[PDB]
Structure formats: C-alpha cells, structure tokens
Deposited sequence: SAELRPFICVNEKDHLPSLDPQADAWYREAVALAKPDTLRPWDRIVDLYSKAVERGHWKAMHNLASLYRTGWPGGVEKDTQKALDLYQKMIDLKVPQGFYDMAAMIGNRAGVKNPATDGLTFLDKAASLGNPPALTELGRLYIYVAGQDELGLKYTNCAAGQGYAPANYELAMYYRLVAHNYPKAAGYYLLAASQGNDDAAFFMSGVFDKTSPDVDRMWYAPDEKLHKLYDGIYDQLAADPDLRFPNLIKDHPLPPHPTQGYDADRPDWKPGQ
C-alpha cells in the first residue's frame, strides 16, 4: 500500500440481496452462543444466503466449518468466494487462515499480500494488524497510527484499544489513552473494559491507574461494565462516556499536551 491511502470499507462492499440478508439475520439470531443453538437450521439458513451471494453469511458459515460443531476445505472455498466478489474481509480471512505472504500468489490481490489488499480496500481488521506491525516492529509510529486511526474512524473497537495502548505505553498521554480505553469499552471491547475496571481501584498500583487518583464511584461503575460485558460480548454502552466524564488527571489534566 504505497502511498498509504485510507478508504472507508463501506465504499467497497457488494450490495446485499434482501432475501439473503433476511436469512442471514435469522441465522445470526439463532446462533447466539448464549442460547441453545439449533445447528441444522443455522447451517441451512447461512447456506441459502450464501447461494444468493451474501458475503457476511460466507464469513460466518466459514467460521463454523473451521471449528465444526470441521471442514477446512469448505471454509477455504467460502473465503475464495468472498475474494471472487472482491470483499475486503475475504482477503483478511484468507490471511488469518493460511498466512499473509501467500497473498502475492493469489491473482485477486494484484501482487499484494492478503492484508495489504484488504487494507487497500478499507478493511478495519487488516488496517489494525498492519498498523500494529508498523508501530511496534518497523518503528514507524506515525504511519502505523495512520493505519490504526483509519480503522478506528470506522468504529472498529480493537483499533481504539490499540490507540489506548499506544498513548498509555509509548506517548504517556494518560487522559488521551483513557479516552480511547473508554471508547473501545463502550463499543464492546473486552480488553479495554477490563483495563478500565482497574484504573480507579484504590488497590491498583499507580501504573495500573495511569496515575489517576482512585475513585470509588468510577471503580464500581467500570467493574460493573466489565462484569456485564464479560458474560455477554454483544453489549454496548452508548451513554457511558457522556454520562460519566473522566475526572481531571492529577498532573496531566485532560490532555498531557495541554495540562491546563
């Protein structure tokens, strides 16, 4: 991807067939892991949707084949169908399965690795993974941050978790980092909610708190958020940030670059 150009994945997706999407949505509802799942019906619905070109159904069904409830080749075939439709997620899935470097051998990538192709089409998982490699392995912080923010901007929670970790561990901008942890947690990110559950705990060491002062109310709040989310990954917390603004940081205020 040179030069790096950030695009929105939505501008590179096939339209979804209405009947197909009805079938997909019904299968998704039936397949919720915290319910007693009717596997035959779920596979049937996904399969009907796949026959009418639904790429999200291809993705979910391929996952089911990868784990069983196992058919490696059926999963691979589905990923290839997605790639055939130039679905960005398809390139990501193929990378995540057989490896990134094999992408150069696939004609649909045009001599790009699978992740590079996916990221070129705006895929937030690929953007997040490559951004991570640029920051921590290549030492190209600014470029990796551009990748990561391109994914975060599309509402991708794990990318907000990566930004939080960067600003906490590398930049040491704790209010910024906390803003990103809270954003990821609100969007359902388990890692982020877990970290936030320790930040205002008086029994946490200073570094776990990012040197915030302990706060009983906020500890109970974020401990509760994490409790809920840990049991049910589908929860979101759309009001969390605005209903409970962050206290000022004892030395960094509301931005380490502008302590005042």
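Gaps between the deposited sequence and the modelled structure occur at positions 1-3, 73-77, 269-273.
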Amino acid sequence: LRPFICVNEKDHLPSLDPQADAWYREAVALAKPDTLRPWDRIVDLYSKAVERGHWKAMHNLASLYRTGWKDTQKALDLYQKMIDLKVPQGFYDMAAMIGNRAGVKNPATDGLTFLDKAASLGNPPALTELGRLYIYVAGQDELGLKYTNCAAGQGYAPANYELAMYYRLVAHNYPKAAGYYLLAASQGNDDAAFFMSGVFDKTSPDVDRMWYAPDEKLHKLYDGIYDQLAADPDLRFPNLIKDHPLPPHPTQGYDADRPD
From here on, numbers count along this sequence of modelled residues.
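Looking at mean Cα B-factors across 78-86 and 157-165, the upper value is held by 78-86. Stretches 54-62 and 210-218 differ in mean C-alpha B factor, with the higher average recorded for 210-218.
Residue-level temperature factors show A178 in the middle third of its chain, judged at the C-alpha atom. Ranked by Cα temperature factor within the chain, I225 sits in the highest third according to the deposited record. Ranked within its chain, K146 lands in the lowest third, by CA B factor from the PDB record.
Remark: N100 belongs to the middle third of its chain, ranked by C-alpha B-factor as recorded. When all modelled residues of the chain are sorted by CA temperature factor, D116 is found within the middle third.
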